[PDB]
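For what it's worth, the working numbering labels the leading residue of the sequence shown as 152, then goes sequentially.
Written out below as structure tokens is the structure these notes cover.
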Amino acid sequence: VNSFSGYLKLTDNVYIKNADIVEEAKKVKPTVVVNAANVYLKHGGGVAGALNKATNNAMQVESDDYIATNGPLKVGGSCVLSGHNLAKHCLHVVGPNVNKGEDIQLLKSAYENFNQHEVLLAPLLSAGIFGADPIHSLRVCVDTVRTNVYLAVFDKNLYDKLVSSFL
Ligand SMILES: O=C(O)[C@]1(F)CN(c2ncnc3[nH]c4cc(F)ccc4c23)CC12CCC2
Numbered sequence: 152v153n154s155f156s157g158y159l160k161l162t163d164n165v166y167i168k169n170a171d172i173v174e175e176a177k178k179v180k181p182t183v184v185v186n187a188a189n190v191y192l193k194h195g196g197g198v199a200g201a202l203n204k205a206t207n208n209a210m211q212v213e214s215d216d217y218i219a220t221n222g223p224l225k226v227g228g229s230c231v232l233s234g235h236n237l238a239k240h241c242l243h244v245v246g247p248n249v250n251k252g253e254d255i256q257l258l259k260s261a262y263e264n265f266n267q268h269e270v271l272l273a274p275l276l277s278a279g280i281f282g283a284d285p286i287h288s289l290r291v292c293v294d295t296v297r298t299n300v301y302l303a304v305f306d307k308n309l310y311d312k313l314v315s316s317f318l
């Protein structure tokens with residue numbers, strides 16, 4: 152038993168809710184919240200900009216130190232940093248950005264990072280401003296992640312479409 156509430160169950164291990172991931176994280180304080188990061192951990196907009204804003208920019212300060220020490224992430228890669236006031240940990244995961252021409256096959260590699268964590272609160276990778284089809288992203292998530300994932304979808308219209316088209 153865990154504290155996630157109001158989710159629709161899609162599969163044995165994947166759940167979905169129309170929710171603002173920032174507000175969901177603030178209430179649940181999950182062990183892991185996933186950020187839709189870029190390789191530079193520049194949290195300007197989308198999910199990343201919203202998560203970072205909710206931390207009063209502490210996520211960005213920590214991220215800049217991480218990059219100064221380690222250099223950029225790989226597309227499809229991840230790093231674990233603090234969850235600040237939102238979660239114990241933040242798993243920063245880089246899905247491919249279609250608006251940068253990155254290979255969509257890397258979306259599966261991105262979701263594989265989730266398997267290193269037993270339970271996660273997450274957005275759909277490569278959705279939103281990353282330009283991928285969220286229905287495809289949901290399919291890859293279901294077919295790749297084996298650990299327990301609670302997907303927060305900000306847009307109600309999109310959430311209803313994801314549920315109604317789910318196979
Ligand atoms: O940034 C993108 O492209 C996204 F569409 C944004 N998404 C979100 N998902 C779940 N809760 C969210 N709260 C927010 C508050 C905001 F001000 C802005 C975006 C969100 C948001 C998923 C996405 C990241 C991969 C695709």
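The C-beta atom is built at its ideal place from N, Cα and C for all residues, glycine as well.
Neighbourhood of residue i by C-beta distance below 7 Å, restricted to the same chain and skipping five residues each side
i: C230; result: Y217, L224 and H243
i: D254; result: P247
i: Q211; result: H194 and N203
i: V179; result: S154, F155 and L272
i: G200; result: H194
heavy atom of ligand 1 below 7 Å from residue i C-beta
i: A278; result: yes
i: residue 331; result: Residue 331 cannot be examined here, being either before or after the span of the chain that is shown, 152 to 318.
i: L275; result: yes
i: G228; result: no
i: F265; result: no
i: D171; result: yes
i: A187; result: yes
i: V314; result: no
i: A219; result: no
Integer-rounded CB distance, given that residue j should sit under 8 Å from residue i
i: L313; j: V304; result: 6 Å
i: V184; j: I172; result: 7 Å
i: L237; j: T206; result: 7 Å
i: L275; j: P285; result: 5 Å
i: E269; j: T295; result: Incorrect: roughly 16 Å between the Cβ atoms, too far for contact.
i: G279; j: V152; result: The Cβ separation is near 31 Å, so there is no contact.
Contacting residues, own chain, Cβ-Cβ under 6 Å from residue i (five flanking each side not counted)
i: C292; result: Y262
i: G227; result: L257, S260 and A261
i: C241; result: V184, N186, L232 and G234
i: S277; result: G246, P247, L258, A283 and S288
Contact set for residue i: own chain, Cβ-Cβ below 8 Å, skip 5 residues either direction
i: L159; result: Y166, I167, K168 and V314
i: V249; result: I255, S277, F281, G282 and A283
i: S316; result: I286
Entirely enclosed beta strand (DSSP E) segments - the region 252-281, minimum 3 residues: With a minimum length of 3 residues, the continuous beta strand (DSSP E) runs that stay inside the region 252-281 are 270-273.
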